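Working notes for the structure below.
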Amino acid sequence: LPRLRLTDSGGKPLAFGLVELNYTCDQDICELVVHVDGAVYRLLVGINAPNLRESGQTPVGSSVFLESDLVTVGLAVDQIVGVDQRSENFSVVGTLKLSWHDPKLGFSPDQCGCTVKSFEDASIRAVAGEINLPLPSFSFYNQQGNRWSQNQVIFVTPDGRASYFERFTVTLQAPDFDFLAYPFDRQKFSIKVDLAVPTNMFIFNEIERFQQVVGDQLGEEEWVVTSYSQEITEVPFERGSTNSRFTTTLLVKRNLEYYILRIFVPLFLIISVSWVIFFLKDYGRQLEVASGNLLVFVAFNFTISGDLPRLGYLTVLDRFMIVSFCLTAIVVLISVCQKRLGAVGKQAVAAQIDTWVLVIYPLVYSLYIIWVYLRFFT
Amino acid sequence: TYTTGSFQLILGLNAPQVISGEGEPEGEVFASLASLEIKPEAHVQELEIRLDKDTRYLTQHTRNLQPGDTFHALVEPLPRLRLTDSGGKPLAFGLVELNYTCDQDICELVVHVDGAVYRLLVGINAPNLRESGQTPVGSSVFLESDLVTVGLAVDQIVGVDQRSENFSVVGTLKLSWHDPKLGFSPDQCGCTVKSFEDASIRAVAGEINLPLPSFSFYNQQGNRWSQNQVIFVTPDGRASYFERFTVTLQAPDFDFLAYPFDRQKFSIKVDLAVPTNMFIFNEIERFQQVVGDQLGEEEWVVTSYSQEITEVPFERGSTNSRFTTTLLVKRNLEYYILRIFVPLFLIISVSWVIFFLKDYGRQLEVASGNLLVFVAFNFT
Amino acid sequence: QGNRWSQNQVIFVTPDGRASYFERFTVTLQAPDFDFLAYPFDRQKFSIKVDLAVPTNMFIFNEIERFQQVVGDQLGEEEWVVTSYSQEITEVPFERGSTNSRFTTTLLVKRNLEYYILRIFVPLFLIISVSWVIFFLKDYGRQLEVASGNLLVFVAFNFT
Ligand SMILES: CCCCCCCCCCCCCC
Ligand SMILES: CCCCCCCCCCCCCC
Ligand SMILES: CCCCCCCCCCCCCC
Ligand SMILES: CCCCCCCCCCCC
Ligand SMILES: CCCCCCCCCCCC
Ligand SMILES: CCCCCCCCCCCC
Ligand SMILES: CCCCCCCCCCCC
Ligand SMILES: CCCCCCCCCC
Ligand SMILES: CCCCCCCC
Ligand SMILES: CCCCCCCC
Ligand SMILES: CCCCCCCC
Ligand SMILES: CCCCCCCC
Ligand SMILES: [Ca+2]
Ligand SMILES: [Ca+2]
Ligand SMILES: [Ca+2]
């Protein structure tokens, strides 16, 4: 059995549980708070109902405890306008909508001769401070710097139904990025909207899809969206209590054909040039061609240096480039050794080395690819 | 709990209008203060003070004295002792002992000791300071500084500029203190928490006309971006501040001589903008992990961290508190080793191996080609 | 996108009630409709949309005035060449129901083709011709050496 007590809105005690409790109102207006402190329990409460021991009827009348105001939310993404891979942030353009019901905002038409009252170019905080009523203000959790806003409007109906509309361009931090498997990496773009009020005042309750969540645009894009989701949760809030959160997540991947055709095929041809020369039996020509192919490899590497992000740590592509360069240089070393062996009159050993290299090199490349796949993608 | 504050009391005798709370004084008095019939309660406090080479002058402020009160002070290790009001007009001089009596409605006093370590004894309504006997009784005679709790957390290092020697960081800051002047009565607002939003501590202090512990970043470059800025106060007077910041800080201490094997320190300094006799940092709160973990790799790897409170000289004399967070960082060594040193070693080996050849034309041609390969790799 | 820079902003009204607005602007506009697949032979549209912030039952665009040339001529060459333009008034759905008017200006533009042709394609053709012509030789060592050199020349031109 837990302890039960009753206090006013300031914390002054009024009654204590004996578990049951009773009180009678003396002041002009009494605002009460019920404390239960200690497992699952049943709490029964009534006003002007001394028969709570044996009620009989299903709960009648209006609710005794105050209820939170319910908010409908929706978000749509129009265009991803940038991604920063060193500072780990991205920028997005979209639209946001909020809707709720509050009888305190209602008005009488015969005093204005109008059905719709509107506020323009003002944040919800400013309007709340102007009309001296609490409203469900919000913020972006990972916002970097100021936010650009267009078509900002709030309008209210006589019954008290209010709605908010905004078109935004914002930059959001994303420390969850992981570029280890570049360019085969997959990322998540998460947009979080948090209410700036306690959960006992306002709470997100429904999700509205006023448009397509991810909009289609003409032409190609750098990032391709595979799927999306939307969810409502609760998170701890400053000064205790809890605040609601609305999250939109986009799963994205890069364009693979671009990287494959631009990098890997020319690299394969360059490697093949250094492999094929071992069929020659004139070792001077082999040495000269190997020396030229190393320079060609370096030139291609710095030509593609533009598609090589500088992050301060190694990706898959960097490792492959390093291994390929090392093997290309080892080819030149072996060619010099074979030239010397042929000069001293041991051509048979040079031919045996040629056969060994021709057999071994592709096996080494295939084994390295298998190892990379095992250690980075499973 | 109990409560503290000032009050107004209206007493009436056969005057039924008093219960309305608006009774104006009338007639001839009938009641008086009871405490005036006996001796007043004494307060005694003892302090140990030291006059360093550069700190030969010391001053202390006393609480307010009511008319009719008396003040006593003595010093035993001889330095000079004197008493002045808050402006500074002299009131008494030491003979070392000193004595004074209060004439004005409110008296604010300052004790001067100037010249080694000395004992200072002070009392209000306590002429027996020569032989006190009892351990220091009552409330403190000298005013006390307000104690502030501070904490800081780092979320992400977002950039480092190696030519201008500055870096940028994202994190969270928290402050908490207690001030009875900020207290309020709930029955006037029907609420337990009063809040201020989207305003700096300076702006709120200027709006409510009360001193508050404002702060700044010592090495801040340009403007600072702030989110979720809020101040809220409880009826007892407990206040707290919260902020999420993104800031760029100068760091002239960087040294890149041993690059890429260099090690650096990222130091974040928070200084109070008020004298130490008003507010002072006293405790460190760890509300989160000081260094937060993030998915993926980072350019800089944090090895260790520390947090410390110190005191630094302040403009217009006195001193101000400082809270410092330091991160020790290093670069990723595998990246540089695998990307630079191994290919360089292979290139050097190519130029070394050619000397086994006995056909010097081939050796010359291969050396000439390898020099060009070296230059190409260097610019790559 | 972001803030707009404005100069010479003025509103003046006559006693009869005739009012007019004037502004000189510099602005950055988003254009997700771009498609660069056929680069450098691509053609694009630059669209400028002005929307009234009031319901159509209050104010509506009714006439188009050509106070100047829509596309102004400037000395020197430009990266983009305007081929044609158009102006039109339409109606679009508005927040809190109803409708709002829209005024659209569209410019059809293309790149300078001579620049790309002369700078890229002719040297590439000559480089390809060098690798084609060597097969007339019957000394295969010379052919191999020239092919190896021409591959490096190709890579150098590509990164140039
Ligand atoms: C290393 C680049 C790829 C070249 C093709 C290799 C296929 C395997 C053929 C092995 C032949 C060995 C003959 C002695
Ligand atoms: C200079 C690059 C490293 C090459 C390996 C050198 C190891 C020392 C061997 C000395 C051999 C001398 C033979 C005459
Ligand atoms: C490939 C670059 C262009 C070179 C000109 C080719 C024109 C066609 C001539 C075919 C001649 C075949 C002779 C055996
Ligand atoms: C999903 C990832 C597929 C990666 C395929 C790489 C293909 C390399 C082509 C080399 C051809 C010579
Ligand atoms: C969706 C998972 C894709 C996994 C691709 C693995 C490729 C391994 C070879 C890498 C060579 C650089
Ligand atoms: C802590 C610093 C270690 C530096 C080691 C350098 C290794 C160079 C490798 C060369 C291999 C041929
Ligand atoms: C409208 C597009 C015309 C493209 C013409 C390309 C011309 C290539 C010239 C090559 C000469 C050797
Ligand atoms: C694009 C990566 C190419 C690497 C070399 C592959 C050799 C395969 C040997 C069977
Ligand atoms: C979507 C991947 C296409 C790559 C084709 C490669 C053919 C050698
Ligand atoms: C993981 C990188 C290794 C670089 C040297 C490879 C030589 C076969
Ligand atoms: C963390 C340093 C790894 C470097 C390995 C080098 C092997 C030749
Ligand atoms: C406007 C296109 C001119 C290109 C001329 C090319 C002549 C070989
Ligand atoms: Ca990350
Ligand atoms: Ca420095
Ligand atoms: Ca597009």
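Each chain of the structure tokens is named A, B, ... in the order shown, its residues numbered from 1; ligands are numbered from 1 in display order.
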Next item on the list: Could the residues that lie within 8 Å of ligand 5, counting only C-alpha atoms and all ligand atoms, be listed as number ranges by chain?
Entry: A: 184, 316-317, 319-320, 369-370, 372-374, 376-377
Check: Which parts of range 139-284 of chain B does DSSP call helix (DSSP H, G or I) when run on the backbone here, written out as a PyMOL selection string?
Finding: chain B and resi 180-182+186-188+201-208
Can those selected residues be exported to a file as a PDB file, in the first residue's frame so that it contains N, CA and C atoms?
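What landed in again31.pdb:
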ATOM      1  N   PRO B 180      18.441  34.148  -1.957  1.00  0.00           N
ATOM      2  CA  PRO B 180      17.134  34.421  -1.332  1.00  0.00           C
ATOM      3  C   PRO B 180      16.431  35.659  -1.865  1.00  0.00           C
ATOM      4  N   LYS B 181      17.154  36.604  -2.474  1.00  0.00           N
ATOM      5  CA  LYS B 181      16.510  37.783  -3.039  1.00  0.00           C
ATOM      6  C   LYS B 181      15.637  37.448  -4.239  1.00  0.00           C
ATOM      7  N   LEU B 182      15.879  36.317  -4.895  1.00  0.00           N
ATOM      8  CA  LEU B 182      15.084  35.906  -6.045  1.00  0.00           C
ATOM      9  C   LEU B 182      13.810  35.169  -5.653  1.00  0.00           C
ATOM     10  N   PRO B 186       4.216  31.797  -3.897  1.00  0.00           N
ATOM     11  CA  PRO B 186       3.396  31.136  -4.922  1.00  0.00           C
ATOM     12  C   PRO B 186       1.984  31.690  -5.050  1.00  0.00           C
ATOM     13  N   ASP B 187       1.402  32.139  -3.937  1.00  0.00           N
ATOM     14  CA  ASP B 187       0.006  32.564  -3.922  1.00  0.00           C
ATOM     15  C   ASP B 187      -0.239  33.820  -4.751  1.00  0.00           C
ATOM     16  N   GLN B 188       0.817  34.412  -5.304  1.00  0.00           N
ATOM     17  CA  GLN B 188       0.692  35.594  -6.144  1.00  0.00           C
ATOM     18  C   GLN B 188       0.764  35.246  -7.628  1.00  0.00           C
ATOM     19  N   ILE B 201      22.106  36.061 -19.428  1.00  0.00           N
ATOM     20  CA  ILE B 201      22.034  36.384 -18.006  1.00  0.00           C
ATOM     21  C   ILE B 201      22.148  37.891 -17.793  1.00  0.00           C
ATOM     22  N   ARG B 202      22.932  38.571 -18.631  1.00  0.00           N
ATOM     23  CA  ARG B 202      23.065  40.021 -18.519  1.00  0.00           C
ATOM     24  C   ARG B 202      21.732  40.720 -18.767  1.00  0.00           C
ATOM     25  N   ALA B 203      21.003  40.288 -19.799  1.00  0.00           N
ATOM     26  CA  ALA B 203      19.720  40.907 -20.114  1.00  0.00           C
ATOM     27  C   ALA B 203      18.708  40.696 -18.993  1.00  0.00           C
ATOM     28  N   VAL B 204      18.652  39.482 -18.443  1.00  0.00           N
ATOM     29  CA  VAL B 204      17.732  39.208 -17.343  1.00  0.00           C
ATOM     30  C   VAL B 204      18.114  40.015 -16.108  1.00  0.00           C
ATOM     31  N   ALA B 205      19.415  40.116 -15.824  1.00  0.00           N
ATOM     32  CA  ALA B 205      19.872  40.909 -14.689  1.00  0.00           C
ATOM     33  C   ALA B 205      19.503  42.375 -14.848  1.00  0.00           C
ATOM     34  N   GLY B 206      19.619  42.913 -16.062  1.00  0.00           N
ATOM     35  CA  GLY B 206      19.202  44.282 -16.301  1.00  0.00           C
ATOM     36  C   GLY B 206      17.702  44.483 -16.265  1.00  0.00           C
ATOM     37  N   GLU B 207      16.929  43.444 -16.582  1.00  0.00           N
ATOM     38  CA  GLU B 207      15.475  43.546 -16.519  1.00  0.00           C
ATOM     39  C   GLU B 207      14.941  43.480 -15.094  1.00  0.00           C
ATOM     40  N   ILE B 208      15.496  42.600 -14.250  1.00  0.00           N
ATOM     41  CA  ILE B 208      14.999  42.465 -12.882  1.00  0.00           C
ATOM     42  C   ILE B 208      15.787  43.300 -11.881  1.00  0.00           C
TER      43      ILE B 208
END
Notebook entry, point to check: Please, which residues of range 26-239 of chain B, numbered as in this document, come out strand (DSSP E or B) from DSSP, as a PyMOL selection string?
Noted result: chain B and resi 43-50+57-62+65+70-76+80-85+90-93+97-101+107+109-114+117-124+142+146-161+166-178+194-197+215-217+220+225-233+238-239
Check: Please, which residues have at least one atom within 9 Å of an atom of ligand 9, using only C-alpha atoms and all ligand atoms, listed as an MDAnalysis selection string?
Finding: chainID A and resid 255:258 260:261 265
Within 10 Å of chain A, which residues belong to chain C? Use only C-alpha atoms and report them as a PDB file with N, CA and C atoms, in the first residue's frame.
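The resulting file, part-v7.pdb, is shown below:
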ATOM      1  N   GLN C   1      16.231  31.611 -51.139  1.00  0.00           N
ATOM      2  CA  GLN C   1      17.217  30.997 -50.256  1.00  0.00           C
ATOM      3  C   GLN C   1      17.909  32.104 -49.467  1.00  0.00           C
ATOM      4  N   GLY C   2      17.675  32.135 -48.158  1.00  0.00           N
ATOM      5  CA  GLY C   2      18.272  33.159 -47.324  1.00  0.00           C
ATOM      6  C   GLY C   2      17.639  34.531 -47.523  1.00  0.00           C
ATOM      7  N   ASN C   3      18.357  35.545 -47.051  1.00  0.00           N
ATOM      8  CA  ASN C   3      17.857  36.913 -47.092  1.00  0.00           C
ATOM      9  C   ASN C   3      17.987  37.509 -48.490  1.00  0.00           C
ATOM     10  N   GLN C  30      16.232  28.676 -55.366  1.00  0.00           N
ATOM     11  CA  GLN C  30      16.409  27.241 -55.546  1.00  0.00           C
ATOM     12  C   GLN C  30      15.796  26.780 -56.863  1.00  0.00           C
ATOM     13  N   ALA C  31      16.426  25.782 -57.484  1.00  0.00           N
ATOM     14  CA  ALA C  31      15.971  25.255 -58.764  1.00  0.00           C
ATOM     15  C   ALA C  31      16.184  23.747 -58.848  1.00  0.00           C
ATOM     16  N   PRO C  32      15.382  22.946 -58.138  1.00  0.00           N
ATOM     17  CA  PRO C  32      15.565  21.487 -58.199  1.00  0.00           C
ATOM     18  C   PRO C  32      15.227  20.873 -59.550  1.00  0.00           C
ATOM     19  N   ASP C  33      14.640  21.632 -60.476  1.00  0.00           N
ATOM     20  CA  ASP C  33      14.285  21.094 -61.785  1.00  0.00           C
ATOM     21  C   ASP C  33      15.482  20.921 -62.715  1.00  0.00           C
ATOM     22  N   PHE C  34      16.673  21.370 -62.319  1.00  0.00           N
ATOM     23  CA  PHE C  34      17.860  21.228 -63.157  1.00  0.00           C
ATOM     24  C   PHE C  34      18.135  19.765 -63.488  1.00  0.00           C
ATOM     25  N   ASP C  35      18.599  19.524 -64.714  1.00  0.00           N
ATOM     26  CA  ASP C  35      18.972  18.183 -65.167  1.00  0.00           C
ATOM     27  C   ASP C  35      20.216  18.305 -66.037  1.00  0.00           C
ATOM     28  N   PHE C  36      21.347  17.807 -65.539  1.00  0.00           N
ATOM     29  CA  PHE C  36      22.629  17.930 -66.219  1.00  0.00           C
ATOM     30  C   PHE C  36      23.084  16.633 -66.880  1.00  0.00           C
ATOM     31  N   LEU C  37      22.153  15.746 -67.236  1.00  0.00           N
ATOM     32  CA  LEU C  37      22.534  14.461 -67.815  1.00  0.00           C
ATOM     33  C   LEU C  37      23.228  14.634 -69.165  1.00  0.00           C
ATOM     34  N   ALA C  53       0.781  37.151 -50.892  1.00  0.00           N
ATOM     35  CA  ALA C  53       0.570  36.565 -49.576  1.00  0.00           C
ATOM     36  C   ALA C  53      -0.842  36.798 -49.044  1.00  0.00           C
ATOM     37  N   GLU C  95      -2.598  28.446 -48.230  1.00  0.00           N
ATOM     38  CA  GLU C  95      -2.802  27.991 -46.861  1.00  0.00           C
ATOM     39  C   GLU C  95      -4.056  28.628 -46.277  1.00  0.00           C
ATOM     40  N   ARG C  96      -4.719  27.895 -45.378  1.00  0.00           N
ATOM     41  CA  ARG C  96      -6.056  28.253 -44.902  1.00  0.00           C
ATOM     42  C   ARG C  96      -7.016  28.387 -46.087  1.00  0.00           C
ATOM     43  N   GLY C 141      58.306  -2.853 -81.977  1.00  0.00           N
ATOM     44  CA  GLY C 141      58.864  -2.199 -80.802  1.00  0.00           C
ATOM     45  C   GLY C 141      58.570  -0.710 -80.772  1.00  0.00           C
ATOM     46  N   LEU C 144      54.910  -0.263 -79.940  1.00  0.00           N
ATOM     47  CA  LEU C 144      54.654  -0.454 -78.516  1.00  0.00           C
ATOM     48  C   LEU C 144      55.090   0.763 -77.705  1.00  0.00           C
ATOM     49  N   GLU C 145      56.278   1.300 -78.005  1.00  0.00           N
ATOM     50  CA  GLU C 145      56.765   2.463 -77.266  1.00  0.00           C
ATOM     51  C   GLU C 145      55.868   3.679 -77.482  1.00  0.00           C
ATOM     52  N   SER C 148      52.618   3.269 -75.562  1.00  0.00           N
ATOM     53  CA  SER C 148      52.826   3.505 -74.137  1.00  0.00           C
ATOM     54  C   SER C 148      52.938   4.995 -73.834  1.00  0.00           C
ATOM     55  N   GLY C 149      53.640   5.744 -74.686  1.00  0.00           N
ATOM     56  CA  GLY C 149      53.723   7.183 -74.483  1.00  0.00           C
ATOM     57  C   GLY C 149      52.394   7.890 -74.677  1.00  0.00           C
ATOM     58  N   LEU C 151      49.373   6.730 -74.177  1.00  0.00           N
ATOM     59  CA  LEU C 151      48.487   6.529 -73.032  1.00  0.00           C
ATOM     60  C   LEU C 151      48.768   7.547 -71.926  1.00  0.00           C
ATOM     61  N   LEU C 152      50.050   7.780 -71.626  1.00  0.00           N
ATOM     62  CA  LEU C 152      50.417   8.775 -70.625  1.00  0.00           C
ATOM     63  C   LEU C 152      50.005  10.176 -71.063  1.00  0.00           C
ATOM     64  N   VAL C 153      50.165  10.486 -72.352  1.00  0.00           N
ATOM     65  CA  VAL C 153      49.720  11.781 -72.866  1.00  0.00           C
ATOM     66  C   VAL C 153      48.213  11.942 -72.680  1.00  0.00           C
ATOM     67  N   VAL C 155      46.298  10.524 -70.365  1.00  0.00           N
ATOM     68  CA  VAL C 155      46.000  10.749 -68.950  1.00  0.00           C
ATOM     69  C   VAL C 155      46.346  12.180 -68.547  1.00  0.00           C
ATOM     70  N   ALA C 156      47.479  12.692 -69.041  1.00  0.00           N
ATOM     71  CA  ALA C 156      47.873  14.061 -68.726  1.00  0.00           C
ATOM     72  C   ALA C 156      46.851  15.069 -69.245  1.00  0.00           C
ATOM     73  N   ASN C 158      43.686  14.471 -69.816  1.00  0.00           N
ATOM     74  CA  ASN C 158      42.459  14.292 -69.047  1.00  0.00           C
ATOM     75  C   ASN C 158      42.514  15.074 -67.743  1.00  0.00           C
ATOM     76  N   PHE C 159      43.616  14.957 -67.005  1.00  0.00           N
ATOM     77  CA  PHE C 159      43.672  15.699 -65.750  1.00  0.00           C
ATOM     78  C   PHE C 159      43.897  17.188 -65.991  1.00  0.00           C
ATOM     79  N   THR C 160      44.413  17.567 -67.163  1.00  0.00           N
ATOM     80  CA  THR C 160      44.511  18.985 -67.491  1.00  0.00           C
ATOM     81  C   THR C 160      43.135  19.606 -67.719  1.00  0.00           C
TER      82      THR C 160
END
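Around ligand 11, using only C-alpha atoms and all ligand atoms and a cut-off of 10 Å, the residues in contact are residues 332, 333, 334, 335, 336, 337, 338, 341 and 342 of chain B.
Taking only C-alpha atoms into account, chain A lies nearest to B:369 out of the set B:67, B:21, B:369, B:79.
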Check: So how many Å separate CA of residue 229 in chain B and CA of residue 198 in chain B, to one decimal?
Finding: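 Answer for the CA of residue 229 in chain B to CA of residue 198 in chain B separation: 5.1 Å.
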Can you pull out every residue with an atom within 9 Å of ligand 10? Use only C-alpha atoms and all ligand atoms and format it as a PDB file with N, CA and C atoms, in the first residue's frame.
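What follows is the written file out-v1.pdb:
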ATOM      1  N   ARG A 319      42.769   2.061 -48.926  1.00  0.00           N
ATOM      2  CA  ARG A 319      43.499   0.815 -48.727  1.00  0.00           C
ATOM      3  C   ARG A 319      43.753   0.108 -50.051  1.00  0.00           C
ATOM      4  N   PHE A 320      42.740   0.062 -50.922  1.00  0.00           N
ATOM      5  CA  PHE A 320      42.933  -0.583 -52.217  1.00  0.00           C
ATOM      6  C   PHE A 320      43.984   0.145 -53.052  1.00  0.00           C
ATOM      7  N   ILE A 322      46.525   1.936 -51.949  1.00  0.00           N
ATOM      8  CA  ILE A 322      47.843   1.672 -51.376  1.00  0.00           C
ATOM      9  C   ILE A 322      48.354   0.290 -51.767  1.00  0.00           C
ATOM     10  N   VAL A 323      47.494  -0.730 -51.679  1.00  0.00           N
ATOM     11  CA  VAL A 323      47.915  -2.084 -52.037  1.00  0.00           C
ATOM     12  C   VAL A 323      48.308  -2.154 -53.509  1.00  0.00           C
ATOM     13  N   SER A 324      47.513  -1.527 -54.380  1.00  0.00           N
ATOM     14  CA  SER A 324      47.817  -1.550 -55.807  1.00  0.00           C
ATOM     15  C   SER A 324      49.144  -0.857 -56.109  1.00  0.00           C
ATOM     16  N   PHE A 325      49.399   0.291 -55.475  1.00  0.00           N
ATOM     17  CA  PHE A 325      50.673   0.979 -55.680  1.00  0.00           C
ATOM     18  C   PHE A 325      51.844   0.117 -55.223  1.00  0.00           C
ATOM     19  N   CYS A 326      51.706  -0.523 -54.058  1.00  0.00           N
ATOM     20  CA  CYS A 326      52.792  -1.351 -53.545  1.00  0.00           C
ATOM     21  C   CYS A 326      53.108  -2.496 -54.501  1.00  0.00           C
ATOM     22  N   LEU A 327      52.070  -3.166 -55.010  1.00  0.00           N
ATOM     23  CA  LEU A 327      52.302  -4.259 -55.950  1.00  0.00           C
ATOM     24  C   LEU A 327      52.931  -3.754 -57.248  1.00  0.00           C
ATOM     25  N   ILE A 330      56.586  -3.307 -56.576  1.00  0.00           N
ATOM     26  CA  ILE A 330      57.253  -4.600 -56.453  1.00  0.00           C
ATOM     27  C   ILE A 330      57.488  -5.214 -57.829  1.00  0.00           C
ATOM     28  N   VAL A 364      46.738 -13.138 -55.235  1.00  0.00           N
ATOM     29  CA  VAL A 364      46.918 -12.166 -54.160  1.00  0.00           C
ATOM     30  C   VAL A 364      45.823 -11.108 -54.210  1.00  0.00           C
TER      31      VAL A 364
ATOM     32  N   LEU B 338      50.453   4.338 -43.635  1.00  0.00           N
ATOM     33  CA  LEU B 338      50.112   3.555 -44.816  1.00  0.00           C
ATOM     34  C   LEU B 338      50.033   4.420 -46.068  1.00  0.00           C
ATOM     35  N   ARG B 339      49.601   5.678 -45.939  1.00  0.00           N
ATOM     36  CA  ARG B 339      49.397   6.497 -47.126  1.00  0.00           C
ATOM     37  C   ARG B 339      50.701   7.081 -47.662  1.00  0.00           C
ATOM     38  N   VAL B 342      55.113   3.872 -46.568  1.00  0.00           N
ATOM     39  CA  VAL B 342      55.373   2.629 -47.299  1.00  0.00           C
ATOM     40  C   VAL B 342      55.650   2.874 -48.779  1.00  0.00           C
ATOM     41  N   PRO B 343      54.829   3.637 -49.520  1.00  0.00           N
ATOM     42  CA  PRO B 343      55.193   3.929 -50.917  1.00  0.00           C
ATOM     43  C   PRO B 343      56.532   4.628 -51.057  1.00  0.00           C
TER      44      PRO B 343
END
Checklist line | Distance filter 10 Å around ligand 2, atoms: only C-alpha atoms and all ligand atoms, out as a ChimeraX atom specification | finding: /B:345-353,355-356
